[PDB]
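> Let me give you the structure first, and then I'll get to my questions.
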Amino acid sequence: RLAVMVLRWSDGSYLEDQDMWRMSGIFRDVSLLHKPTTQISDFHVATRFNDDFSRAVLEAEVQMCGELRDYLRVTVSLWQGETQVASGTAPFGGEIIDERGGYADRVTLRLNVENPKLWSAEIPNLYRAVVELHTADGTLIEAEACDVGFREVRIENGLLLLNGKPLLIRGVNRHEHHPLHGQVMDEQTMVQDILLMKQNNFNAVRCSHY
Amino acid sequence: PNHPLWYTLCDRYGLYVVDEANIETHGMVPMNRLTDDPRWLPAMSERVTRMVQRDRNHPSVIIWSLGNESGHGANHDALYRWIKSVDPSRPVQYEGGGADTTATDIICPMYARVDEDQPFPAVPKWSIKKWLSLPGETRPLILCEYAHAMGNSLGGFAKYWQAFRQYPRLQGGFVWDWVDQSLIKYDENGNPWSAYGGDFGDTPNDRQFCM
Ligand SMILES: [Mg+2]
Ligand code: NA
Ligand code: NA
């Protein structure tokens, strides 16, 4: 039995003065997650490019919790459909960062991608990154994953550039609102919103304000 | 460069002066044919250096100009840098080659409009408001020529001044121009009349464009 005592008002409310209906409760999903004792505790994916975006390096930093062991490995593999496009495997132990050494519980994988399919609102090309925590011998402990979009966002010479090209933001602010369910969001309503947005020539959304 | 008395009068009465080298090669094709040619650098250099040597002590002179309508050539860059070295006290401007080249401290277009772009190939005349904020652009903008007062004209003059007052980096301009270049001719009775291009048998000519 779980017992949850939810308060409508708190010191947190002083930072939650958005122009919207003030409601309360358990208004998003509740779930139970089982992880192994030795687990992936964090991972960051970065994509860096050469000048004409014909080459990319996917960089994946992976963190573990649990007992550190020489046999532990991380493989990050990149997939386009059912085709594996790149893969990298390494034992734990980051490079030296200061006088006390490095992170024994971290590893950075670097995967080369030639002529990556680039992500934008125009063409949302995605790859799948799978992060496997496993033994040297290849016994899986657990896998996490995410969708990867190869894109670079930067400001240069006073312009916001996506993949080297200046964006024109056809944006809209969107609150999480349903007239029946209040501030509870469902997949159907989210999808309806996205379809309508794109059908009406929007390419951008601001999560106003959370 | 003007008659030397002009600068003394401007010193004493109080007018800001742009002193401009006697260099204009407008009729060349392309306009920078001579100014990009190192064989014309000696001739151009003397028109710039001797002006500076003559006029540098006049307080009314606040800006040096490399000349007018001569495209943008390597000779301009060289003479721009010469002035900057010998007289750091005055900015240098030059409109040729698109009004915002490396030979100018001031974006100094001629007849750029307030709101309307004129996107000519190679040498566009952007809306002056737009010009200021082009990616990487930081310089002040002062039109070297604007509001062409030919005949019944100066329509839209207020639009410039509204913009000048609203935008800090729009710092004004020089109207084209002060005085009609008409000449006196006389009829059979000795009565004077104002003449323009072509009235002297001069041909080819550009008719009333001198006024
Ligand atoms: Mg508010
Ligand atoms: Na101004
Ligand atoms: Na004229």
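Following the order of the structure tokens, chains are lettered A, B, ..., residues in each are numbered from 1, and ligands are numbered from 1.
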Could you tell me which residues of chain A sit within 8 Å of chain B when counting only C-alpha atoms, and give me the result as a ChimeraX atom specification?

/A:157-159

> Write a file of the selected residues as an mmCIF file, in the first residue's frame, keeping N, CA, C and O atoms.


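The resulting part26.cif:
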data_model
loop_
_atom_site.group_PDB
_atom_site.id
_atom_site.type_symbol
_atom_site.label_atom_id
_atom_site.label_comp_id
_atom_site.auth_asym_id
_atom_site.auth_seq_id
_atom_site.Cartn_x
_atom_site.Cartn_y
_atom_site.Cartn_z
ATOM 1 N N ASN A 157 27.503 35.091 -35.519
ATOM 2 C CA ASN A 157 27.329 36.389 -36.163
ATOM 3 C C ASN A 157 25.928 36.970 -35.932
ATOM 4 O O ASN A 157 25.372 37.644 -36.801
ATOM 5 N N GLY A 158 25.360 36.694 -34.758
ATOM 6 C CA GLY A 158 24.035 37.186 -34.395
ATOM 7 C C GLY A 158 22.846 36.430 -34.964
ATOM 8 O O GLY A 158 21.712 36.901 -34.863
ATOM 9 N N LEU A 159 23.094 35.261 -35.555
ATOM 10 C CA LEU A 159 22.024 34.418 -36.097
ATOM 11 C C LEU A 159 21.936 33.087 -35.362
ATOM 12 O O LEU A 159 22.960 32.460 -35.086
#

> How would you report the residues lying within 10 Å of ligand 1, as a list in words, if you count only C-alpha atoms and all ligand atoms?

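Based on only C-alpha atoms and all ligand atoms, ligand 1 is surrounded within 10 Å by residues 16, 17, 18, 19, 20 and 209 of chain A.
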
> Enumerate, in order of chain and increasing residue number, the residues of chain B with an atom no farther than 9 Å from ligand 3, each with its shortest atom pair and distance in Å to one decimal, counting only C-alpha atoms and all ligand atoms, as JSON lines.


{"residue": "B:148", "atom": "CA", "partner": "ligand 3", "partner_atom_place_in_ligand_line": "1 (Na)", "distance": 8.7}
{"residue": "B:150", "atom": "CA", "partner": "ligand 3", "partner_atom_place_in_ligand_line": "1 (Na)", "distance": 8.0}
{"residue": "B:176", "atom": "CA", "partner": "ligand 3", "partner_atom_place_in_ligand_line": "1 (Na)", "distance": 8.3}
{"residue": "B:177", "atom": "CA", "partner": "ligand 3", "partner_atom_place_in_ligand_line": "1 (Na)", "distance": 8.4}
{"residue": "B:180", "atom": "CA", "partner": "ligand 3", "partner_atom_place_in_ligand_line": "1 (Na)", "distance": 8.7}
{"residue": "B:181", "atom": "CA", "partner": "ligand 3", "partner_atom_place_in_ligand_line": "1 (Na)", "distance": 8.2}
{"residue": "B:206", "atom": "CA", "partner": "ligand 3", "partner_atom_place_in_ligand_line": "1 (Na)", "distance": 8.6}
{"residue": "B:208", "atom": "CA", "partner": "ligand 3", "partner_atom_place_in_ligand_line": "1 (Na)", "distance": 8.0}
{"residue": "B:209", "atom": "CA", "partner": "ligand 3", "partner_atom_place_in_ligand_line": "1 (Na)", "distance": 4.5}
{"residue": "B:210", "atom": "CA", "partner": "ligand 3", "partner_atom_place_in_ligand_line": "1 (Na)", "distance": 4.3}
{"residue": "B:211", "atom": "CA", "partner": "ligand 3", "partner_atom_place_in_ligand_line": "1 (Na)", "distance": 6.2}

> Can you work out which residues are within 8 Å of ligand 2, considering only C-alpha atoms and all ligand atoms, and then hand them over as a VMD selection string?

chain B and resid 163 to 172

> Using the selection just defined, write its residues with N, CA and C atoms as a PDB file, in the first residue's frame.


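Full text of out_28.pdb as output:
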ATOM      1  N   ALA B 163      12.944  58.087 -38.734  1.00  0.00           N
ATOM      2  CA  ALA B 163      13.890  56.983 -38.557  1.00  0.00           C
ATOM      3  C   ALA B 163      15.163  57.435 -37.842  1.00  0.00           C
ATOM      4  N   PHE B 164      15.731  58.571 -38.269  1.00  0.00           N
ATOM      5  CA  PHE B 164      16.934  59.116 -37.619  1.00  0.00           C
ATOM      6  C   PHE B 164      16.691  59.330 -36.126  1.00  0.00           C
ATOM      7  N   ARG B 165      15.522  59.853 -35.771  1.00  0.00           N
ATOM      8  CA  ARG B 165      15.234  60.133 -34.364  1.00  0.00           C
ATOM      9  C   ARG B 165      14.964  58.870 -33.542  1.00  0.00           C
ATOM     10  N   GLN B 166      14.380  57.856 -34.173  1.00  0.00           N
ATOM     11  CA  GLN B 166      14.037  56.614 -33.474  1.00  0.00           C
ATOM     12  C   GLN B 166      15.236  55.681 -33.251  1.00  0.00           C
ATOM     13  N   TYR B 167      16.150  55.627 -34.216  1.00  0.00           N
ATOM     14  CA  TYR B 167      17.266  54.671 -34.181  1.00  0.00           C
ATOM     15  C   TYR B 167      18.567  55.350 -33.812  1.00  0.00           C
ATOM     16  N   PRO B 168      19.133  55.041 -32.628  1.00  0.00           N
ATOM     17  CA  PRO B 168      20.394  55.654 -32.210  1.00  0.00           C
ATOM     18  C   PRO B 168      21.500  55.614 -33.264  1.00  0.00           C
ATOM     19  N   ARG B 169      21.673  54.478 -33.943  1.00  0.00           N
ATOM     20  CA  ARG B 169      22.757  54.349 -34.925  1.00  0.00           C
ATOM     21  C   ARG B 169      22.462  54.917 -36.316  1.00  0.00           C
ATOM     22  N   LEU B 170      21.223  55.345 -36.562  1.00  0.00           N
ATOM     23  CA  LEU B 170      20.944  56.180 -37.734  1.00  0.00           C
ATOM     24  C   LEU B 170      21.246  57.628 -37.363  1.00  0.00           C
ATOM     25  N   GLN B 171      22.405  58.119 -37.778  1.00  0.00           N
ATOM     26  CA  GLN B 171      22.862  59.412 -37.293  1.00  0.00           C
ATOM     27  C   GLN B 171      22.743  60.529 -38.329  1.00  0.00           C
ATOM     28  N   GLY B 172      21.853  60.322 -39.294  1.00  0.00           N
ATOM     29  CA  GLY B 172      21.467  61.369 -40.229  1.00  0.00           C
ATOM     30  C   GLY B 172      21.994  61.153 -41.630  1.00  0.00           C
TER      31      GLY B 172
END

> In Å, rounded to a single decimal, give me how far atom CA of residue A:54 is from atom CA of residue A:162.

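The value is 14.7 Å.
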
> Could you give me, as a list in words, the residues within 10 Å of residue A:52, counting only C-alpha atoms and dropping anything in the same chain fewer than 2 positions from it?

residues 49, 50, 54, 55, 56, 115, 163 and 164 of chain A

> Restricted to N, CA, C and O atoms, what would the selected residues look like written as a PDB file, in the first residue's frame?


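Result file follows (again_29.pdb):
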ATOM      1  N   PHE A  49      29.794  17.983 -35.574  1.00  0.00           N
ATOM      2  CA  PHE A  49      29.868  17.894 -37.023  1.00  0.00           C
ATOM      3  C   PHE A  49      31.082  18.616 -37.571  1.00  0.00           C
ATOM      4  O   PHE A  49      31.626  19.513 -36.928  1.00  0.00           O
ATOM      5  N   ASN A  50      31.502  18.214 -38.765  1.00  0.00           N
ATOM      6  CA  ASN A  50      32.434  19.017 -39.546  1.00  0.00           C
ATOM      7  C   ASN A  50      31.671  20.159 -40.232  1.00  0.00           C
ATOM      8  O   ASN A  50      30.439  20.229 -40.141  1.00  0.00           O
ATOM      9  N   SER A  54      28.853  16.658 -43.409  1.00  0.00           N
ATOM     10  CA  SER A  54      28.998  15.392 -44.117  1.00  0.00           C
ATOM     11  C   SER A  54      29.630  14.326 -43.214  1.00  0.00           C
ATOM     12  O   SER A  54      29.640  13.147 -43.556  1.00  0.00           O
ATOM     13  N   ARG A  55      30.162  14.756 -42.069  1.00  0.00           N
ATOM     14  CA  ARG A  55      30.690  13.845 -41.054  1.00  0.00           C
ATOM     15  C   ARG A  55      30.227  14.248 -39.664  1.00  0.00           C
ATOM     16  O   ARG A  55      30.173  15.436 -39.336  1.00  0.00           O
ATOM     17  N   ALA A  56      29.904  13.252 -38.846  1.00  0.00           N
ATOM     18  CA  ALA A  56      29.534  13.498 -37.463  1.00  0.00           C
ATOM     19  C   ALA A  56      30.234  12.541 -36.510  1.00  0.00           C
ATOM     20  O   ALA A  56      30.609  11.429 -36.890  1.00  0.00           O
ATOM     21  N   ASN A 115      28.085  11.036 -43.517  1.00  0.00           N
ATOM     22  CA  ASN A 115      26.862  11.550 -44.140  1.00  0.00           C
ATOM     23  C   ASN A 115      25.621  11.274 -43.283  1.00  0.00           C
ATOM     24  O   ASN A 115      24.677  10.625 -43.738  1.00  0.00           O
ATOM     25  N   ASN A 163      21.852  23.414 -38.084  1.00  0.00           N
ATOM     26  CA  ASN A 163      22.619  22.765 -39.153  1.00  0.00           C
ATOM     27  C   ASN A 163      23.213  23.766 -40.154  1.00  0.00           C
ATOM     28  O   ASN A 163      23.229  23.529 -41.364  1.00  0.00           O
ATOM     29  N   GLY A 164      23.701  24.882 -39.618  1.00  0.00           N
ATOM     30  CA  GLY A 164      24.355  25.933 -40.402  1.00  0.00           C
ATOM     31  C   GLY A 164      23.434  26.916 -41.112  1.00  0.00           C
ATOM     32  O   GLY A 164      23.911  27.831 -41.784  1.00  0.00           O
TER      33      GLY A 164
END
